[PDB]
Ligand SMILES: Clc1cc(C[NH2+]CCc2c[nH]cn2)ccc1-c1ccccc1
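Presented as structure tokens, the chain that follows is alone, the form solved without this ligand.
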């Protein structure tokens, strides 16, 4: 059987809180009236999504309304409880209200207004400095939610709303976020293909906060190398092969042996043997301005097979890559 794992940081934070904090199934929701709002327009968030710009009639304030997709209410209360727990945290989207349509009875979340400019639309046109600035901003949100015992699990450019004129950033879509409890085995069918950590791909269930750090690595790699996605798999099996071709197969199989992972039979033929590639392989004339020794050292320390080996959010924030950002923050 597989070898147990525990989080390097924030391991027992939920244990030391009242049951009410994390026992989201016992949470009682006071449902508001969706009649306090009027939808203005549908926000283009993809096919699955049902997000709208709206106006709160009571005070003429712009808001964003997310109509919850028919789901186990377990998941609904989970997203609500996580949002409520993280409310007011650095770069976390603010849940304003919780409502139901009186006729349909369908649940909906009302958020603080933000522009519909997600990071995917801006993150391939950024300067060196701005990549570091916004990465550091994302890291604030990750450290906070992890410090509060929550892993996001869907960290990707599409879930990062950015107001580039006022330099503001919000981490959004907490619908896959879950509370970390040491020993718990989690669902591995979370996150999007290109940002799925190796632990998800080999079906290692006892993962932690460090999942989000892999996803952050994938985003960083994609930005500095101008390669979208960085790991471009056909499916979940070929995704790990794409990773394997960069990180190499030696650390992969070492990782499998360390945690005694029963590797799916399909993987046997498709992985092969590959060297660990030096990051220089991905630098070219059109991306050389975004790539530095500091960026490559930072990237390397996020993208590890072994989830234990990856930088924590706080450790990442104190990496040399962010020195000029930290400096400028204190100046202001």
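Numbering follows the first chain given and starts at 1.
Beyond the structure shown, there is the form deposited with this ligand bound, which is absent from this document and is the topic of what follows.
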_Pocket accessibility after superposing this ligand in the deposited complex (3+ atoms within 2.4 Å of backbone/C-beta)_ = blocked
_Close approach of residue 206 to this ligand in the deposited complex, 4.5 Å, heavy atom_ = no
*Even though this ligand is not shown here, does residue 135 get within 4.5 Å of it in the deposited complex, heavy atoms only?*
yes
*Within a 4.5 Å heavy atom cut-off, is residue 158 in contact with this ligand in the deposited complex?*
yes
*Given that the partner is absent here, does residue 131 sit within 4.5 Å of this ligand in the deposited complex, heavy atoms only?*
yes
*Thinking of 122, 219 and 223 as the candidate spot, does this ligand come within 4.5 Å of a heavy atom on all of them in the deposited complex?*
yes
*Among 162, 191, 96, 247, which has at least one heavy atom within 4.5 Å of this ligand in the deposited complex?*
162
*Of the options 148, 141, 126, 243, which one has a non-hydrogen atom that comes within 4.5 Å of this ligand in the deposited complex?*
126
